[PDB]
């Protein structure tokens, strides 16, 4: 239901982005989270009946996993890129497919743990 969308988006608010980083990177980083996680998971929880309980531990793990995957993407765009000039579009594009795939794996893991029992 709507309340589950709100609780899920509260968790997405905790997936922060460093706005001092290059805009070309930020656009790709944000798109990845939106397309691989925010849209499909919001659609999923919208279906839940009014009193479904979400697992807080599941949500918390999504946050840390995404933050690690995103830092890895940023490293490949910037200070760990050896294939092209650092901070280049070529570094970004070389690191982007594995970023998106890793976010997709987080989606599947999160879907499995999202709901829990009442108590």
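Positions refer to the first chain, counted from 1.
Exercise. Comparing 72-80 with 56-64, which has the greater mean CA B-factor as deposited?
Worked result: Higher mean C-alpha B-factor in the PDB entry: 56-64.
Exercise. Which is higher in the entry, the mean Cα B factor of 43-51 or that of 88-96?
Worked result: For C-alpha atoms only, the mean B-factor is higher in 43-51.
Problem set entry | Maximum C-alpha temperature factor, selected from 1, 118, 8, 114 | Each of 1, 118, 8, 114 was compared by C-alpha B-factor; the highest is 118.
For this session: Please rank the C-alpha B-factors of the chain's modelled residues and tell me whether residue 103 sits in the lowest, middle or highest third.
Result: As the PDB entry reports it, the C-alpha B-factor of residue 103 lands in the lowest third of its chain.
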